[PDB]
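> This one's a deposited entry, sequence included:
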Amino acid sequence: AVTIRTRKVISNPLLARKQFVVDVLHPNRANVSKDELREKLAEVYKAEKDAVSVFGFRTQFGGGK
Amino acid sequence: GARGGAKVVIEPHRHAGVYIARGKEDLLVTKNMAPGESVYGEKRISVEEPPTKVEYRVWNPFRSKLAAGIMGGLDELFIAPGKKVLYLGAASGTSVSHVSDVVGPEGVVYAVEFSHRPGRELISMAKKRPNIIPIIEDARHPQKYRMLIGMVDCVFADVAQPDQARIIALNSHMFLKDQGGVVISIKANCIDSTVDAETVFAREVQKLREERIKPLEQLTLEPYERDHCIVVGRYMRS
Amino acid sequence: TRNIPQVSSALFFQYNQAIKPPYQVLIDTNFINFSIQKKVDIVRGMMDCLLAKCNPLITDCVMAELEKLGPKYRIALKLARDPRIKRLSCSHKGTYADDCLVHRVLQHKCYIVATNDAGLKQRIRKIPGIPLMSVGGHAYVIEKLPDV
Amino acid sequence: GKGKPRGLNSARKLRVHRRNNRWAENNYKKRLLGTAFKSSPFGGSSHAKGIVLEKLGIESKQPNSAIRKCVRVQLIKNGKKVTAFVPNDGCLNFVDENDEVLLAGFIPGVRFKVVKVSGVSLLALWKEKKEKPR
Amino acid sequence: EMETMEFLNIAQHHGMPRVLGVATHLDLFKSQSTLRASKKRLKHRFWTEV
Amino acid sequence: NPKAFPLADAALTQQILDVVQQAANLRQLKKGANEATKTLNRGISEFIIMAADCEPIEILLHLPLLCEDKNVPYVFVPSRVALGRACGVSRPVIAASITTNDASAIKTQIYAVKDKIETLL
Amino acid sequence: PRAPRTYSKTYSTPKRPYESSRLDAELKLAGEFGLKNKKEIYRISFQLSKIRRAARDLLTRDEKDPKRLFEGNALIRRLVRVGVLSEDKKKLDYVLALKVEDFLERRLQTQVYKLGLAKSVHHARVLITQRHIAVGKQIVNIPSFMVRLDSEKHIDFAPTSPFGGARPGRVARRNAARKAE
Amino acid sequence: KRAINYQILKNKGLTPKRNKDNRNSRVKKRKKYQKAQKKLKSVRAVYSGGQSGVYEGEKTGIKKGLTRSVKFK
RNA sequence: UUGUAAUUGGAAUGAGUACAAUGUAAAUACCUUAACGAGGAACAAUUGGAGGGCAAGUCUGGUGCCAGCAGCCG
Ligand SMILES: [Mg+2]
Ligand SMILES: [Mg+2]
Ligand SMILES: [Mg+2]
Ligand SMILES: [Zn+2]
């Protein structure tokens, strides 16, 4: 299974958005592509997929997150 | 190795009262004061002499710190036939009974021990051997048993105590004869485990010099035992 | 009976694995001048040299030499009696310090020898695993003590 | 009184005296005047180019003798003729007449050794890792 | 290949003229990484002869 | 003075019983007075554990007689039901023995507890 | 242009590399701790020398000096945390009594050996470099990794490691496949 | 096609024969250390676990006239 | 109980190759990762220094059978 935890959440109504750091636990998997992360975040925060952006994803040494 | 039915050749060792049994392996042996029995289960060698059947006991260096010493080749051993010896730390007859063998009927062994339970067997062993006088008493206060002991030619201390130097000096001050024998067994771990062994031995030698014992010899006891040296000295009163 | 002295258990070929901090160091009589003469304090020139706590040791023989020196070397005498300097008793008749020092290091491989005498230094050099301390230039120097 | 002024306001005489006397050192004089490279074998360079004039020991009977390893070289910078060592006779084969040889500091009196011939390391040739371009 | 070096050795012994290495068929490579490594190895080897 | 001596405290008993459970899992534990006697005869016991509430206490006093003869550390715990629990056996245990093994995977804590037991003695 | 990024050398050549006693000392250290080369020993020695020189300088300062108190306390805390300095020896004097061996034992290689995960120090090195060892939840492949007291109890076989419950490595499954075929 | 061979490609030239241990310094130092320990066992008596089972005597024999202890002068 | 193996067993693994994803303005690379990737593990570590020994071989000198030089050449 894959779990997505959002941390350091900030609400920026100046830019009309929410910023956060996404940590993705993906045991037994290489990594999660930005598409699946986008659809899961869209489901979690109940928004349209086009309204979700994700970037800057780095897997630590040793894998798993 | 040394099996039950094996035949061996017994020959004297350089030190009087110590004999060597030869063969494919060599065994350093002492004549049995009380023949026909083993005290801690040691192997016994019987020889027919015109014919009387004299017996001998094997003398395990891994059990008696003294024995590993002679295996290492101590130059001088004051323990000799017909001499008075004062054994400190006589936990049992494992080593005392053998020291009794060397001194022979003419000498005696003053065995000193503190803890009651090991002392009981020391009393039991003393029964078979007339020449031991076990003294169940704390060596730290030689005043208590000054009644039981006269002069002694050599003082042996196997006591494993951090203040072992003090005990030797007090005992030596009382009963050791002038120019007498001093043989000490030292374990640095018991004295000072913080510092290395060699530092400890130098410190112990120093305290002996403070107490008018002139050190004569010391030897490390490997491969039989770790961190152990036997210091041999002479008590120089004047 | 033949004697073959047993090489000390503190020695692996030429490295002494027993000498470790805090170090115990024997003080030679000549060391005191070249300490005083160079304005180098005894305790701490050692610490600066060895970067450790050092326990100086003055034997009776080296001590016995010092009072024999006389008034000219009173300063050396007083520094020898600094209470931080511990004293070692001796049980051999001779008062020759160089022989006494050589014997002690022969006996137990736990001392550093602090001296500048060429003859004594050579004798100690022959004995394996004896760190040899000396004072030269401005401060103390240690040759056979790789933990440095 | 040690023969030097010692007042609290006398550094100038000390400074001026020090500057005047500091020229006595040969090392200081060479460093400031830029004459330290006169004594250099190559006149200030670490390596010198040269021209092989003749292989003096090529006729020697004893193999791998010291004479066999000496080559006469003309220093191209000044035209002065000098002698140089080659590591071995096997290396002497590579060296032939009228080639570039790079010389470096080293039979007393010979103070140079060949390190490159025709722009290629002699060692590289001797290990057989390059071919001398002619 | 042999023919390249045989010419190089012949040139070396009879007097080196100017030599310019030109590498071809590099488009046949599929990955950029392996292309660069081959370029590095080829260049260094080529540097030895010329 | 009491026959059961030395007796480990609440803190000390836990680490001892901790080693006991780990030893049981690795087949390095000998359970019961009879087994402990055999190990002491063979000289394969690292140290011996006894319960101070053995009913009566005397039936295990032969281990102390054996122990210091062989120079083996020993110590008493207040409870046998607790000792049997950690042993992994469905019955109370009045005594157990840790078998000597310098290749064991739980060597380090065995020596740690042994050092404390030696200090207590 | 962009501001410089600082750099430093983590080791220094000794005053006299050619002492026979010294050479034997590095022979001991490498052999017992399975060090690849002498540079590792020199690095540890340089770090230790820096530490002890700082300790000496702090000692020279008078007692109760705020700089002395602060900086000595920080140094003792760090040394205790890495584990070279035992809890009962929290004084600057014992810092001067430290030795290279203390730091060497704290290396992940030696700790892996002592914990019984490896049968030799070299076996520990090959296990670490092959990504089989994890401190806590993270995989460490660096033998020079220094273990903290808290981290010591968390050393284990990595989840991804075949020894740690993952699938068999390539050799094992290759052999199984050929055997089945 | 005539591809270049290994001698051509690496151009190692003439080099001395070198032992495999040099390829990994770690193995070389391991072997050196173990050889040193074996030499020490000859230089000196070193403890080797102590007594293992029944005491079977000394295997190498006793020398009555040899003393290995160090003398005070 | 020491040294030596083109002896031998099955376990681990990355250099490299490569689906994919991540990374990036777009790419390469890193961290990940399906699948391949080891016995001469030829998947062929180097740079210097020191010391030998060998011939129906070669040169030089001489209080005989020797000595020096040296020995890719018999
Ligand atoms: Mg005047
Ligand atoms: Mg690359
Ligand atoms: Mg993996
Ligand atoms: Zn003296």
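Here it is on my side, so go on. Numbering: from 1, shown residues only, chains lettered A, B, ... in the order given. Ligands and ions are numbered 1, 2, ... in the order given.
> rest of the way, CA atoms for contacts and neighbours
OK.
> And the strands in the chain?
In the absence of a named chain, chain A is used. A:3-12, A:17-25 (DSSP state E).
> oops, chain H please
H:66-67, H:70-71.
> Out of these, which is the most enclosed?
Ranked by mean neighbour count, the strands of chain H are led by strand H:70-71 with a mean of 21 (mean count of other C-alpha atoms under 10 Å in any protein chain shown).
> What is that strand packed up against?
Counting contacts by 3 or more C-alpha pairs under 8 Å, 6 or more residues apart in numbering or on different chains; DSSP states H and E, strand H:70-71 is packed against strand B:213-220.
> Check which strands are paired with the strand it packs on and give the direction for each one.
Its sheet considered, strand B:213-220 pairs with strand B:228-235 (antiparallel), strand H:70-71 (antiparallel) by DSSP bridges.
> in stretch B:152-162, what's buried?
By neighbour count, with 16 or more other C-alpha atoms under 10 Å in any protein chain shown as the criterion, the buried positions of stretch B:152-162 are B:152-160.
> chain center to it: distance?
Centroid separation for stretch B:152-162 versus its chain: 9 Å, with C-alpha atoms, centre = their mean, to the nearest Å.
> Roughly how far does the residue of chain D found nearest chain G sit from chain H?
Chain G sits closest to residue D:106 of chain D, with a gap of 25.3 Å, by C-alpha to the nearest C-alpha. According to C-alpha to the nearest C-alpha, to the nearest Å, residue D:106 and chain H sit 25 Å apart.
> can you tell me which residues contact that residue?
By C-alpha atoms under 8 Å, 6 or more residues apart in numbering or on different chains, the residues touching residue D:106 are D:112-113.
> One more pass at 10 Å, please.
By C-alpha atoms under 10 Å, 6 or more residues apart in numbering or on different chains, residue D:106 lies in contact with D:84-85, D:112-114.
> At which residues are the helices of chain G located?
G:20-33, G:38-60, G:66-82, G:92-95, G:100-105, G:108-115, G:121-129, G:149-152, G:170-180 (DSSP state H).
> what does chain B give?
Assignment of helices within chain B using DSSP H yields the ranges B:65-72, B:93-103, B:116-128, B:164-175, B:188-191, B:197-210.
> picking up where we left off before, who wins for neighbours among the contacts of residue D:106?
Comparing the contacts of residue D:106 by number of neighbours (other C-alpha atoms under 10 Å in any protein chain shown), residue D:114 comes first, having 28 neighbours.
> hang on, it packs against residue D:84?
Yes. Between residue D:114 and residue D:84 a contact is recorded at 6.5 Å, counting by C-alpha atoms under 10 Å.
> Mutual contacts of these two, please.
Common contacts of residue D:114 and residue D:84 (C-alpha under 10 Å, 6+ apart): D:70-71, D:73, D:101, D:103-106.
> most packed of the strands of chain A?
The highest mean neighbour count among these, using mean count of other C-alpha under 10 Å, belongs to strand A:17-25: a mean of 15.
> how big is the angle separating that one from strand A:3-12?
Direction vectors for strand A:17-25 and strand A:3-12, defined by axes from the mean of the first three to the mean of the last three C-alpha atoms, to 10 degrees, enclose an angle of 160 degrees.
> close to chain G, is strand A:17-25?
No. Judged by C-alpha under 10 Å from any C-alpha of the partner chain, strand A:17-25 and chain G are separated, with a smallest distance of 12.2 Å.
> Any residue of that strand touching RNA strand I?
No. Figure legend: strand A:17-25 not in contact with RNA strand I (C-alpha under 7 Å from any atom of the strand); closest approach 10.8 Å.
> Let me see the contact set for residue 64.
All of this is about chain A. Residue A:64 is in contact with A:2, A:24-31, G:137-138, G:159-160, counting by C-alpha under 10 Å, 6+ apart.
> That was the other one, I meant chain F.
By C-alpha under 10 Å, 6+ apart, the neighbours of residue F:64 are F:3-5, F:48, F:50, F:70, F:72-75.
> now swap in residue B:44 and tell me
Neighbours of residue B:44 in contact, by C-alpha under 10 Å, 6+ apart: B:4, B:29-32, B:35-38, B:55-59.
> Contact residues of chain F facing chain B?
So chain F meets chain B at F:65, F:68-69 (C-alpha under 10 Å from any C-alpha).
> now, which of those residues lie within helices?
Secondary structure from DSSP H places F:65, F:68-69 of the residues of chain F next to chain B in helices.
> Turn the residues you listed into a markdown table, including neighbour count.
Converted to a markdown table, these look like this (neighbours: other C-alpha atoms under 10 Å in any protein chain shown):
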| residue | neighbour count |
| --- | --- |
| F:65 | 12 |
| F:68 | 13 |
| F:69 | 14 |
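> quick one: the closest residue to ligand 4 within chain B and RNA strand I, what's the gap?
Using C-alpha to the ion, the closest approach of chain B to ligand 4 is made by residue B:209 at 11.0 Å. Noted for residue B:209: a distance of 39 Å to RNA strand I, by C-alpha to the nearest atom of the strand, to the nearest Å.
> Isn't that residue up against residue C:88?
Yes. Here residue B:209 reaches residue C:88: they are 9.5 Å apart, a contact under C-alpha under 10 Å.
> Residue H:40: neighbouring residues, count only.
Number of residues near residue H:40 (other C-alpha under 10 Å) recorded here: 14.
> and residue D:42, which of the strands of chain A is closest to it?
Of all those, strand A:17-25 sits nearest to residue D:42, with 67.1 Å by C-alpha to C-alpha.
> Quick check: which helices or strands does the closest one pack against?
strand A:3-12, helix A:34-45 (3 or more C-alpha pairs under 10 Å, 6 or more residues apart in numbering or on different chains; DSSP states H and E).
> Could you pull out the buried residues of the helix or strand harbouring residue C:122?
According to DSSP states H and E, residue C:122 maps onto helix C:118-126. Across helix C:118-126, burial judged by 16+ other C-alpha under 10 Å covers C:120-121, C:124.
> which one of those is nearest RNA strand I?
residue C:124 (28.9 Å; C-alpha to the nearest atom of the strand).
> Correct me if wrong: the closest one contacts residue C:116.
No. The criterion here is C-alpha under 10 Å, and residue C:124 misses it with residue C:116 at 11.4 Å.
> any common contacting residues for these two?
By C-alpha under 10 Å, 6+ apart, the residues touching both residue C:124 and residue C:116 are residue C:132.
> circling back to that earlier point, mind giving me the packing neighbours of the helix holding residue C:122?
helix C:97-107, strand C:111-114, strand C:132-136.
> With only the CA atoms kept, save it in CSV.
In CSV, the C-alpha atoms belonging to helix C:118-126 read as follows (Å, rounded to 0.1, in the frame of the first residue of the first chain):
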residue,chain,number,x,y,z
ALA,C,118,73.0,10.8,25.1
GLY,C,119,74.4,7.8,26.9
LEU,C,120,71.2,7.0,28.8
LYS,C,121,69.1,7.8,25.8
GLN,C,122,71.0,5.2,23.7
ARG,C,123,70.6,2.6,26.4
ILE,C,124,66.8,3.2,26.6
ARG,C,125,66.7,3.1,22.8
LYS,C,126,68.0,-0.4,22.7
